[PDB]
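Here you get one chain, nothing else, as structure tokens; it is the form deposited in one PDB entry.
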């Protein structure tokens, strides 16, 4: 069973990457199961809705009372040393919020890090249907 643990903001980096203090150490987190358009894309640089996604994450995270991280059941870091987590701002999952607003797609999923996959697919379906942002 997953559980939430506390963390503190250091810096929002991008739509899908944030640096947090977690168990007393600065650590970079990559949001599980979502892909946002990027402003720091390694090959492309700045994509459409990149700035919008980055602004949404920034605002949501900087204005929260409480930030929690929730690891999935599998590997907890990727090959770049980033924590792979669901991030909650005042009990709302940022990963879901991005997908719901049409500012992220559901990623390619790597089992067993896929606990909230169905929930996120449902939000993406709704965003598509409403033609929000990426889907417009």
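Positions refer to the first chain, counted from 1.
Mean C-alpha B-factor is higher over 32-40 than over the other stretch, the pair under comparison being 84-92 and 32-40.
The mean C-alpha temperature factor is higher for 43-51 when 103-111 and 43-51 are set side by side. Residue-level temperature factors show residue 117 in the highest third of its chain, judged at the C-alpha atom.
Per the deposited record, the Cα B-factor of residue 27 falls in the middle third when ranked against the other modelled residues of its chain. Compared with the other modelled residues of the chain, the Cα B-factor recorded for residue 60 ranks in the highest third.
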